[PDB]
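**Q** Structure incoming, see below.
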Amino acid sequence: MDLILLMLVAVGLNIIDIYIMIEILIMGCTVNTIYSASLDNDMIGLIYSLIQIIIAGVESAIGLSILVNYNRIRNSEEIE
Amino acid sequence: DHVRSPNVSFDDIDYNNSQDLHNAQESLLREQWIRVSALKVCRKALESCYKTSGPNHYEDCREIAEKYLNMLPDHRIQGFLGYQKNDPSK
Amino acid sequence: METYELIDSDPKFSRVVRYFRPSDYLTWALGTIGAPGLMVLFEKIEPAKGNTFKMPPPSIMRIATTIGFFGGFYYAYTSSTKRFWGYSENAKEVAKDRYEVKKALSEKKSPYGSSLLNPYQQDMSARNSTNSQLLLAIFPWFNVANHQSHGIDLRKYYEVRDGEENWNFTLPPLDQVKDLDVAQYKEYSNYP
Amino acid sequence: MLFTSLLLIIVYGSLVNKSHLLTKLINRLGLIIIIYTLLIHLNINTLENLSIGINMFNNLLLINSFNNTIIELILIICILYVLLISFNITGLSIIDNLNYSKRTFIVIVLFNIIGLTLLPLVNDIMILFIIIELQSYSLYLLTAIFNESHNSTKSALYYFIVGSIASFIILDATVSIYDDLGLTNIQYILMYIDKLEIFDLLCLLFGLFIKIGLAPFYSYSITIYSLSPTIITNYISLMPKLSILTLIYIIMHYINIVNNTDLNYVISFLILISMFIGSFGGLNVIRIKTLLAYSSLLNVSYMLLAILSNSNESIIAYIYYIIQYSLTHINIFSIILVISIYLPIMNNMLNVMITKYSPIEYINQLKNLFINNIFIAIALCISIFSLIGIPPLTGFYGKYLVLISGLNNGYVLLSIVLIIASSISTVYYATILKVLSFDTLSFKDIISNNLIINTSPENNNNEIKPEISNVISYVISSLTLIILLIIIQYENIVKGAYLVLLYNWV
Amino acid sequence: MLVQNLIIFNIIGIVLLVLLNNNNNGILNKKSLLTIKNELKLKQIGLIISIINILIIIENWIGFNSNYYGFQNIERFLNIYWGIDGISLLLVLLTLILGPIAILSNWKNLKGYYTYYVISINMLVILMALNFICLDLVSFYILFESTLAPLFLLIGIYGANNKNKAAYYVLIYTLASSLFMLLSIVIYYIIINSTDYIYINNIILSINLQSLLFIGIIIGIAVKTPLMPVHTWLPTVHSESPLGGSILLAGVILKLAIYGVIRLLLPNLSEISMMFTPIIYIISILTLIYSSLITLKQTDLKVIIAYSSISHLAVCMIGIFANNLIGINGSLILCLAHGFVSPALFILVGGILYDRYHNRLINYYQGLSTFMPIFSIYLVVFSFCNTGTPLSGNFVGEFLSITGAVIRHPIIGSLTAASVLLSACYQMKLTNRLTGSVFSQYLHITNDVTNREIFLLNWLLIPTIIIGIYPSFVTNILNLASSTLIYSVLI
Amino acid sequence: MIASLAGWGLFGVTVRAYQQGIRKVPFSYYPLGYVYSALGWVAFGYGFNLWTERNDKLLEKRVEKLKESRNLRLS
Ligand SMILES: CCCCCCCCCCCC(=O)OC[C@H](COP(=O)(O)OCC[N+](C)(C)C)OC(=O)CCCCCCCCCCC
Ligand SMILES: CCCCCCCCCCCC(=O)OC[C@H](COP(=O)(O)OCC[N+](C)(C)C)OC(=O)CCCCCCCCCCC
Ligand SMILES: CCCCCCCCCCCC(=O)OC[C@H](COP(=O)(O)OCC[N+](C)(C)C)OC(=O)CCCCCCCCCCC
């Protein structure tokens with residue numbers, strides 16, 4: 001089903017909706033790592049997952065900062 | 001002065017020795033230029049006879065005419081690439 | 001390939017500083033005064049604003065000296081390290097190193113020093129700081145721990161070389177040297 | 001030395017007062033830091049010892065003579081870039097003061113050099129993801145360093161989204177590898193190089209292919225490069241390829257152990273497609289930076305053929321090409337940052353809006369450079385002639401060496417297409433040379449006083465007043481003669497590349 | 001000595017000329033002495049360097065031995081081994097001789113920037129001269145392609161109305177094809193690990209791999225010596241390039257492609273050259289017949305001479321692929337004779353008429369033998385030489401090339417004899433029209449040939465008739481060199 | 001070996017001479033400039049020859065091993 005690229009129908013029509021899809025996409029990677037690590041009883045996989053959660057947070061903050069300044073750049077008359 | 005030809009054959013040398021291989025090519029070139037020089041001499045003998053004989057040129061110049069038409073196909077420059085790169089025995 | 005004797009695959013930080021040659025201090029001094037000079041040299045090359053030479057403000061010269069103070073030390077630290085690894089001239093250090101170790105084994109103390117770090121922590125520390133000077137141009141990392149993975153065979157400090165027997169040091173068998181792996185696992189095979 | 005000095009620059013910059021002279025002086029502090037880094041690096045790191053390959057920091061980082069070559073190259077090219085922001089590129093206060101309006105510019109650049117230099121050394125999938133983010137995050141910030149600009153911010157937003165998807169693909173490949181084997185260290189994975197799905201390493205490459213702008217992903221790179229300020233485009237269009245292409249070469253070195261043909265066909269499909277777009281794309285373009293964006297894609301296509309072939313001659317082809325292409329790229333962009341002083345000024349039709357971010361934006365703004373400055377026009381001509389591949393410049397030896405590596409491994413189809421694609425691309429390199437010179441003899445005697453350079457004040461009227469600053473002129477001249485006169489020392493340089501090893505040994 | 005003296009002096013000369021002209025640029029307007037008389041001092045220094053280049057080679061011509069087989073004057077400079085043999089020596093002599101003549105032809109007919117033109121002309125001549133004296137395929141290719149950078153700029157800067165089309169033609173035609181010659185050079189470096197001439201002459205390759213390398217190399221050659229159907233660049237470039245660029249592009253650049261056969265095809269790819277020789281004859285005979293017929297319908301004066309260049313070069317390729325000494329010696333003498341007659345015509349057509357009336361259309365010129373008699377004597381004299389009249393050096397080249405063609409292949413090689421008739425059709429029609437009927441009603445009476453333009457003509461005609469009357473000057477150098485190119489095993 | 005640094009220095013003179021044209025100044029401007037650009041490249045030229053001589057020593061030793069490996073292959 002997803003070979004027809006169904007996930008494109010599931011992503012909204014705003015720049016903020018793309019940002020969320022990136023997080024939900026990466027969330028799948030971390031859940032996959034936690035799954036393998038627990039079955040193998042391997043904590044190295046859990047170190048990887050902890051890094052992925054922390055790195056996925058820094059990516060969100062930078063992306064939102066760019067989006068925020070993108071928004072105020074239009075609303076930059078400020079001649080009052 | 002009159003340099004002597006380095007009489008050398010492709011069949012006795014190693015082509016890895018590019019100094020000797022050069023002589024085998026230079027020796028095969030020089031002998032061929034002799035045959036043309038031999039040929040040009042023989043043709044001169046034919047020309048005197050025909051001019052001197054006149055009507056009898058068919059008789060007094062019989063074997064020279066025969067020999068000249070025999071040496072003509074092979075008394076020409078042929079290079080060395082033919083014999084260097086081919087093996088008649090095989 | 002210029003190869004010499006491997007004094008220490010992971011030289012300790014305090015050892016590396018104590019082994020600076022006078023020339024190493026010169027490099028540290030040159031690096032310290034080079035960075036403020038390079039700022040001046042650029043201004044002589046090209047003024048920052050305008051068209052005429054203007055001495056940079058003193059505040060820039062103080063931060064420039066600090067930046068060149070670490071850079072000079074880092075260059076000094078890496079050059080001193082090559083000698084330990086054997087990549088450079090280390091005959092002078094080899095005798096100096098051998099004198100300290102032969103003295104150390106003689107007092108039955110460990111050559112490597114006593115350590116707060118347990119067996120796993122000692123070996124883990126060695127992994128981080130071994131060959132860490134290769135990226136010392138990018139970020140700093142020093143061997144500040146008394147571990148035991150130095151890439152040498154302590155047997156080689158028993159044989160006497162030229163000019164050493166005069167030291168008259170007595171070396172006990174390694175089995176009686178305090179704080180060594182060959183002298184710790186006497187009661188249990190997994191506890192030192 | 002890099003990391004320690006970065007903290008000092010971070011703190012110091014946040015203390016002193018916001019001014020252009022202090023901002024420009026701090027940029028000259030970073031130029032020292034990068035220089036100091038190179039002296040410490042070259043001191044401890046040697047080709048003769050790093051030949052075997054040395055593990056560092058609990059095997060997370062592995063360094064050998066192939067990686068070590070690029071770290072020094074990256075440091076060198078980062079010196080030539082910082083010279084732009086640290087000195088005058090024109091000397092006209094209006095145009096130049098843009099480079100000094102930002103105090104965190106040099107800090108972010110120093111952040112990236114740490115990111116760039118560590119990426120080729122990675123040896124763990126856990127640190128591969130961390131380092132690739134450190135480099136990726138630094139580029140987005142540098143793209144948006146001029147936060148007032150509408151196009152710059154729009155580009156960083158486009159850059160962040162594409163890179164985020166690119167990083168997710170990279171992260172997902174590593175997770176899949178960990179799922180199969182449970183191992184994170186790359187050396188431990190090599191023990192199971194025959195037991196794992198080799199296409200999961202290809203999914204890793206598909207993420208690194210996005211970040212170098214390879215077709216079909218080329219669309220965003222062309223848009224990004226044609227919107228950022230020319231000083232920014234000069235950095236973000238070259239540096240990522242220096243450190244990612246080195247990483248791609250190593251990953252392909254491990255991949256060719258099992259010599260899977262299906263992997264090579266897909267990559268050949270992308271290399272073949274990219275040459276087509278890299279050549280036919282630039283035929284119909286007006287913006288110079290869009291032109292150099294298509295030019296960049298074509299050269300990356302050539303450099304992948306050397307990577308894809310991956311033999312003993314592929315190290316030589318890649319090591320030489322990546323060096324000459326960087327110097328050519330710096331030389332061309334440095335000239336474009338200078339020749340903006342010869343632009344005319346209105347006293348109309350087509351309403352072309354120019355900004356202080358890209359004063360030179362269109363190819364026909366290079367018009368009559370043969371008249372305004374003949375010496376620098378030839379330098380741009382020599383640089384473009386290298387990109388064309390006219391011998392005996394540096395560019396010819398790059399294509400000649402790449403062809404050897406390509407054909408020696410049986411890539412006949414790609415070798416012919418690259419030679420077709422090179423000739424097609426010569427059309428749009430020739431247009432730059434057509435604009436530079438072809439209308440010289442009609443314009444030879446013209447009354448020109450409306451140039452931007454004619455708004456410079458007259459100092460004395462007795463002393464000689466050079467038109468171009470000192471440092472930028474010396475860099476342009478040096479790299480133009482190195483490009484032109486490589487034939488003199490070519491044999492030594494190539495024999496200096498035979499020694500760069502990646503586990504060849506014996 | 002040779003190459004080292006030939007490069008170092010020319011580099012010194014180029015630097016000297018640049019220093020003198022660009023000194024006064026500065027920040028102030030300059031009215032110096034070197035600009036006076038249209039850069040006359042700077043043009044003179046350019047003309048002297050062309051004469052001195054000839055003196056360098058003659059210093060080494062004296063040492064040349066005609067009875068030694070093998071490269072002489074071998075030296076290594078820039079990690080490249082150079083050298084001279086019989087064939088290469090004469091082509092070098094032709095290339096440097098056209099140096100002063102190319103510069104002298106453009107003495108006062110450029111709108112400006114004479115220093116740039118003088119530097120480029122001496123640069124192109126040196127690059128082409130050095131192309132005959134290298135000893136590896138890679139260095140051959142380097143010099144074979146480096147001439148594009150000045151030639152493309154020179155034609156674009158100094159060209160005629162369509163200079164942009166002409167510039168875009170020489171750059172792309174001669175690069176998109178010579179890149180195919182790079183592929184076959186690369187493959188030689190992959191299997192043999194060397195591209196040196198001598199090393200690769202002794203190796204035999206598989207007859208499949210011989211066919212690939214030949215196809216690659218002959219693609220790069222069929223464009224430089226324009227063979228149909230890839231000749232479309234030459235007529236366009238000739239009609240638009242500067243007059244000096246036409247003398248080099250016709251005098252020398254075409255002959256680099258015949259020399260390409262001598263080094264790159266016959267010695268090392270000898271077995272596959274025999275196979276392609278029937279095909280080469282088909283392409284060249286059709287080039288000979290079609291180029292002659294196409295010329296009959298042309299209108300531009302300088303195009304008409306351009307196509308006459310293609311017909312002769314087809315005959316040169318016909319002779320050189322004949323496997324005998326007669327064809328090879330004839331082809332090389334024709335290249336030398338065409339190297340003087342072809343530039344002479346462009347002077348007559350694009351250098352004497354075009355500098356007076358500035359129009360190349362044939363319709364405006366007729367009856368020129370009335371008020372320009374000295375022009376019509378040389379046009380008549382050079383018309384005959386261009387068509388193989390027995391006393392010129394072209395007849396010796398064409399007769400031998402035709403003779404060698406029949407020897408190699410009696411049936412189809414005999415069609416080369418159509419060169420004698422067709423060359424007289426388009427050429428004599430052009431001359432008969434120019435110097436016939438009443439003087440044209442569209443032109444105005446002006447000066448006849450000036451003293452400079454007589455000097456150019458006399459010294460392109462004098463070498464032509466010496467080679468015609470006594471061609472053994474060329475032959476005594478060629479014979480031992482040209483005899484190493486023949487492949488035949490007779491038993 | 002001085003002649004090798006002589007050539008490198010003369011390349012240093014060319015770059016400063018080529019810098020003058022780009023700046024559009026008389027070629028006699030600031031004669032001390034040619035000394036600095038000359039000495040800069042002699043420093044580079046000095047190091048460059050050290051690097052190439054170092055390459056010769058390394059390449060001779062590597063080829064010693066490569067020749068042996070080929071003989072094992074050619075058995
Ligand atoms: C051991 C050898 C070291 C040599 C010196 C190196 C540092 C250069 C600084 C000299 C002092 C200076 O900058 O002097 C100033 C001069 C002249 O400047 P100008 O253009 O006339 O400006 C106008 C001057 N007014 C104000 C008088 C009008 O600048 C130069 O000529 C710079 C030369 C370029 C740097 C050469 C470095 C080559 C790098 C090669 C390695 C890859
Ligand atoms: C034997 C090989 C040696 C290497 C030569 C390298 C060329 C660099 C010369 C720079 C000198 C300069 O920029 O000077 C400019 C000079 C002379 O200009 P002008 O008419 O006097 O000035 C004009 C302005 N005025 C009159 C108002 C003052 O023109 C040249 O450049 C011509 C030669 C180079 C053109 C083609 C370059 C292609 C490079 C690639 C070749 C493979
Ligand atoms: C306006 C001007 C237009 C142009 C005019 C032409 C100028 C010619 C200058 C002559 C100089 C000369 O003679 O150089 C001679 C010197 C030293 O030669 P050597 O000691 O024998 O070294 C060995 C040389 N082999 C192999 C010939 C024997 O080599 C050089 O410095 C080389 C020039 C530098 C090229 C760039 C490579 C180095 C940087 C690497 C980064 C990729």
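Just so we're on the same page: first chain in the structure tokens is A, next is B, and so on; residues restart at 1 for each chain, and ligands are numbered from 1 in the order they show up.
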With only C-alpha atoms as the counted atoms, please give the residues lying no more than 12 Å from residue D:276, apart from itself and same-chain residues fewer than 5 positions off, as a tab-separated table (two decimals) with N, CA and C atoms, in the first residue's frame.
**A**
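Final output, out.tsv:
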chain	number	residue	atom	x	y	z
D	214	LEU	N	23.20	15.12	-5.40
D	214	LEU	CA	23.30	14.22	-6.54
D	214	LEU	C	21.90	13.93	-7.06
D	215	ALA	N	21.75	13.95	-8.38
D	215	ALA	CA	20.44	13.73	-8.97
D	215	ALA	C	19.96	12.31	-8.65
D	216	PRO	N	18.66	12.10	-8.43
D	216	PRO	CA	17.53	13.01	-8.61
D	216	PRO	C	17.32	14.00	-7.48
D	218	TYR	N	19.17	16.58	-6.88
D	218	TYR	CA	19.92	17.79	-7.18
D	218	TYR	C	19.09	19.05	-7.08
D	269	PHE	N	23.45	4.02	-12.09
D	269	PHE	CA	22.23	4.66	-12.57
D	269	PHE	C	22.15	6.10	-12.11
D	270	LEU	N	22.59	6.38	-10.88
D	270	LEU	CA	22.59	7.75	-10.38
D	270	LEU	C	23.71	8.58	-10.99
D	271	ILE	N	24.89	8.00	-11.17
D	271	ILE	CA	25.99	8.73	-11.79
D	271	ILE	C	25.65	9.08	-13.23
D	281	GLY	N	21.51	20.63	-18.03
D	281	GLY	CA	20.82	21.57	-17.17
D	281	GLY	C	21.32	22.99	-17.32
D	282	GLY	N	22.63	23.16	-17.37
D	282	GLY	CA	23.21	24.49	-17.36
D	282	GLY	C	23.17	25.21	-18.68
D	283	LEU	N	22.63	24.57	-19.72
D	283	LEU	CA	22.57	25.21	-21.03
D	283	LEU	C	21.68	26.44	-21.01
D	294	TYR	N	25.13	23.84	-11.28
D	294	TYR	CA	25.14	22.75	-12.24
D	294	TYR	C	26.56	22.29	-12.54
D	295	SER	N	27.52	23.21	-12.54
D	295	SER	CA	28.91	22.82	-12.71
D	295	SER	C	29.37	21.94	-11.56
D	297	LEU	N	27.56	19.93	-9.71
D	297	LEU	CA	26.95	18.61	-9.81
D	297	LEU	C	27.70	17.73	-10.80
D	298	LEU	N	28.14	18.30	-11.92
D	298	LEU	CA	28.86	17.52	-12.91
D	298	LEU	C	30.20	17.02	-12.36
D	301	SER	N	29.72	14.23	-10.12
D	301	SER	CA	29.49	13.03	-10.91
D	301	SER	C	30.79	12.39	-11.36
D	302	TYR	N	31.77	13.20	-11.79
D	302	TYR	CA	33.07	12.64	-12.15
D	302	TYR	C	33.73	12.00	-10.94
D	414	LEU	N	29.91	4.55	-18.63
D	414	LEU	CA	29.99	5.80	-17.89
D	414	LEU	C	31.15	6.66	-18.37
D	417	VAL	N	29.91	8.48	-21.49
D	417	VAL	CA	28.92	9.51	-21.18
D	417	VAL	C	29.60	10.72	-20.53
D	418	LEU	N	30.54	10.48	-19.63
D	418	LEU	CA	31.25	11.60	-19.01
D	418	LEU	C	32.02	12.41	-20.04
D	419	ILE	N	32.45	11.77	-21.12
D	419	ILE	CA	33.16	12.51	-22.16
D	419	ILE	C	32.17	13.20	-23.08
D	420	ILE	N	30.96	12.66	-23.22
D	420	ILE	CA	29.89	13.40	-23.88
D	420	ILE	C	29.41	14.54	-22.99
D	421	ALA	N	29.19	14.24	-21.70
D	421	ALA	CA	28.69	15.26	-20.79
D	421	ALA	C	29.69	16.39	-20.61
D	422	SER	N	30.99	16.10	-20.67
D	422	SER	CA	31.99	17.15	-20.57
D	422	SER	C	31.88	18.12	-21.73
D	423	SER	N	31.68	17.60	-22.94
D	423	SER	CA	31.60	18.46	-24.11
D	423	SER	C	30.31	19.26	-24.13
D	424	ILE	N	29.21	18.67	-23.68
D	424	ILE	CA	27.95	19.42	-23.60
D	424	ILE	C	28.09	20.56	-22.61
D	425	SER	N	28.75	20.31	-21.48
D	425	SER	CA	28.95	21.35	-20.49
D	425	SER	C	29.91	22.42	-20.97
**Q** Please list as a PyMOL selection string every residue within 9 Å of residue C:128, counting only C-alpha atoms and excluding residues in the same chain fewer than 2 positions away.
**A** (chain C and resi 124-126+130-132+141-143) or (chain D and resi 56-59)
**Q** Could those residues be written to a file, using N, CA, C and O atoms, as a PDB file, in the first residue's frame?
**A**
ATOM      1  N   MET C 124      39.680   1.031  30.680  1.00  0.00           N
ATOM      2  CA  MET C 124      38.827   1.929  29.914  1.00  0.00           C
ATOM      3  C   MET C 124      39.497   3.276  29.713  1.00  0.00           C
ATOM      4  O   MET C 124      39.423   3.859  28.628  1.00  0.00           O
ATOM      5  N   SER C 125      40.152   3.791  30.752  1.00  0.00           N
ATOM      6  CA  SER C 125      40.829   5.074  30.631  1.00  0.00           C
ATOM      7  C   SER C 125      41.921   5.013  29.579  1.00  0.00           C
ATOM      8  O   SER C 125      42.104   5.960  28.809  1.00  0.00           O
ATOM      9  N   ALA C 126      42.648   3.898  29.522  1.00  0.00           N
ATOM     10  CA  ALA C 126      43.711   3.755  28.538  1.00  0.00           C
ATOM     11  C   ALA C 126      43.167   3.810  27.122  1.00  0.00           C
ATOM     12  O   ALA C 126      43.798   4.386  26.233  1.00  0.00           O
ATOM     13  N   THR C 130      44.706   6.629  24.644  1.00  0.00           N
ATOM     14  CA  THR C 130      45.742   6.093  23.773  1.00  0.00           C
ATOM     15  C   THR C 130      45.565   6.658  22.373  1.00  0.00           C
ATOM     16  O   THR C 130      44.446   6.716  21.856  1.00  0.00           O
ATOM     17  N   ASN C 131      46.669   7.102  21.774  1.00  0.00           N
ATOM     18  CA  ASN C 131      46.673   7.658  20.426  1.00  0.00           C
ATOM     19  C   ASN C 131      45.721   8.835  20.300  1.00  0.00           C
ATOM     20  O   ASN C 131      45.209   9.115  19.220  1.00  0.00           O
ATOM     21  N   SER C 132      45.470   9.530  21.403  1.00  0.00           N
ATOM     22  CA  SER C 132      44.568  10.668  21.372  1.00  0.00           C
ATOM     23  C   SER C 132      45.257  11.947  20.950  1.00  0.00           C
ATOM     24  O   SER C 132      44.573  12.940  20.693  1.00  0.00           O
ATOM     25  N   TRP C 141      42.611  16.108  24.720  1.00  0.00           N
ATOM     26  CA  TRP C 141      42.369  14.938  25.550  1.00  0.00           C
ATOM     27  C   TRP C 141      43.717  14.417  26.016  1.00  0.00           C
ATOM     28  O   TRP C 141      44.603  14.173  25.194  1.00  0.00           O
ATOM     29  N   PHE C 142      43.870  14.249  27.325  1.00  0.00           N
ATOM     30  CA  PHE C 142      45.155  13.915  27.916  1.00  0.00           C
ATOM     31  C   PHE C 142      45.029  12.678  28.789  1.00  0.00           C
ATOM     32  O   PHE C 142      43.968  12.399  29.347  1.00  0.00           O
ATOM     33  N   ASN C 143      46.128  11.938  28.901  1.00  0.00           N
ATOM     34  CA  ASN C 143      46.209  10.792  29.801  1.00  0.00           C
ATOM     35  C   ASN C 143      46.617  11.310  31.168  1.00  0.00           C
ATOM     36  O   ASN C 143      47.796  11.556  31.424  1.00  0.00           O
TER      37      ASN C 143
ATOM     38  N   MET D  56      41.323   5.518  17.628  1.00  0.00           N
ATOM     39  CA  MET D  56      41.359   6.549  18.651  1.00  0.00           C
ATOM     40  C   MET D  56      40.029   6.597  19.385  1.00  0.00           C
ATOM     41  O   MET D  56      38.980   6.300  18.813  1.00  0.00           O
ATOM     42  N   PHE D  57      40.085   6.983  20.657  1.00  0.00           N
ATOM     43  CA  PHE D  57      38.900   7.182  21.488  1.00  0.00           C
ATOM     44  C   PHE D  57      38.003   5.951  21.485  1.00  0.00           C
ATOM     45  O   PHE D  57      36.863   5.985  21.028  1.00  0.00           O
ATOM     46  N   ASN D  58      38.544   4.855  22.008  1.00  0.00           N
ATOM     47  CA  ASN D  58      37.796   3.612  22.140  1.00  0.00           C
ATOM     48  C   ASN D  58      37.251   3.163  20.789  1.00  0.00           C
ATOM     49  O   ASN D  58      36.079   2.812  20.655  1.00  0.00           O
ATOM     50  N   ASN D  59      38.101   3.224  19.770  1.00  0.00           N
ATOM     51  CA  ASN D  59      37.812   2.761  18.416  1.00  0.00           C
ATOM     52  C   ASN D  59      36.672   3.517  17.748  1.00  0.00           C
ATOM     53  O   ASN D  59      36.281   3.166  16.634  1.00  0.00           O
TER      54      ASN D  59
END
**Q** Around ligand 1, out to 8 Å and counting only C-alpha atoms and all ligand atoms, which residues are there? I want them as a PyMOL selection string.
**A** (chain C and resi 41-42+44-46+51-53) or (chain D and resi 469-471+474) or (chain F and resi 12+16+29-30+32-44)
**Q** Counting only C-alpha atoms and all ligand atoms, what are the residues, protein, DNA or RNA alike, that approach ligand 2 to within 6 Å? I want them as a ChimeraX atom specification.
**A** /D:374-375,378,382 /E:11,18,21-22,113,115-116,119-120,123,146,149-150
**Q** Quick one: residues within 12 Å of residue F:48, only C-alpha atoms, excluding same-chain residues fewer than 2 positions away - as a list in words?
**A**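 Skipping anything fewer than 2 positions along the chain leaves residues 489, 492, 493 and 496 of chain D; 4, 5, 8, 41, 42, 43, 44, 45, 46, 50, 51, 52, 53, 54 and 55 of chain F.
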**Q** If you measure from atom CA of residue D:342 to atom CA of residue D:22, what distance in Å do you get, rounded to one decimal?
**A**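 These atoms are spaced 28.8 Å apart.
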**Q** Neighbours of stretch 112-128 of chain D within 6 Å (only C-alpha atoms; same-chain residues fewer than 5 positions away dropped), as a PyMOL selection string?
**A** chain D and resi 60-63+67+71+134-135+138+174+184-186+243+246-247
**Q** For a quick check of understanding, using only C-alpha atoms and all ligand atoms, which of E:482, E:178, E:329, E:10 has the smallest distance to ligand 3?
**A**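 Checking each candidate against ligand 3, we get E:10 as the closest.
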**Q** As a PyMOL selection string, please: every residue in stretch 120-333 of chain E that DSSP puts in helix (DSSP H, G or I).
**A** chain E and resi 120-130+137-146+148-158+163-176+178-191+197-201+207-224+233-240+243-251+255-264+270-295+301-321+325-333
**Q** List the neighbours of residue F:27 out to 8 Å using only C-alpha atoms; skip same-chain residues closer than 2 positions along the sequence, and give me the result as a PyMOL selection string.
**A** (chain E and resi 19+23) or (chain F and resi 17+20-21+25+29)
**Q** Take the residues that were just selected and, keeping C-alpha atoms, output them as a short mmCIF file (atom, residue, chain, number, x, y, z; two decimals), in the first residue's frame.
**A**
data_model
loop_
_atom_site.label_atom_id
_atom_site.label_comp_id
_atom_site.auth_asym_id
_atom_site.auth_seq_id
_atom_site.Cartn_x
_atom_site.Cartn_y
_atom_site.Cartn_z
CA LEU E 19 55.38 43.93 -18.84
CA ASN E 23 52.89 49.12 -17.02
CA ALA F 17 54.19 40.45 -10.87
CA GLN F 20 50.27 43.96 -9.94
CA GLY F 21 48.22 43.54 -13.10
CA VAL F 25 49.53 49.20 -10.74
CA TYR F 29 55.40 49.62 -7.44
#
**Q** Write out as an mmCIF file with C-alpha atoms, in the first residue's frame each polymer residue whose atoms come within 12 Å of residue C:159, counting only C-alpha atoms; drop sequence neighbours fewer than 3 positions from it.
**A**
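Output (selection.cif):
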data_model
loop_
_atom_site.group_PDB
_atom_site.id
_atom_site.type_symbol
_atom_site.label_atom_id
_atom_site.label_comp_id
_atom_site.auth_asym_id
_atom_site.auth_seq_id
_atom_site.Cartn_x
_atom_site.Cartn_y
_atom_site.Cartn_z
ATOM 1 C CA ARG C 98 64.864 3.853 32.225
ATOM 2 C CA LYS C 102 64.497 0.920 37.270
ATOM 3 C CA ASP C 153 57.086 -5.148 28.259
ATOM 4 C CA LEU C 154 58.416 -4.618 31.773
ATOM 5 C CA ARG C 155 60.958 -7.369 31.124
ATOM 6 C CA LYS C 156 62.941 -4.981 28.914
ATOM 7 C CA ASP C 162 75.471 0.741 28.050
ATOM 8 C CA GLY C 163 76.094 3.092 30.959
ATOM 9 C CA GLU C 164 73.383 1.651 33.211
ATOM 10 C CA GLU C 165 75.029 -0.934 35.493
ATOM 11 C CA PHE C 169 69.719 -0.689 41.042
ATOM 12 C CA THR C 170 68.311 -3.978 42.349
ATOM 13 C CA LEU C 171 65.157 -5.132 40.570
#
**Q** Under the rule that only C-alpha atoms are counted, which of E:226, E:373, E:13, E:26 is the nearest residue to chain F?
**A**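 Smallest distance to chain F is found for E:26.
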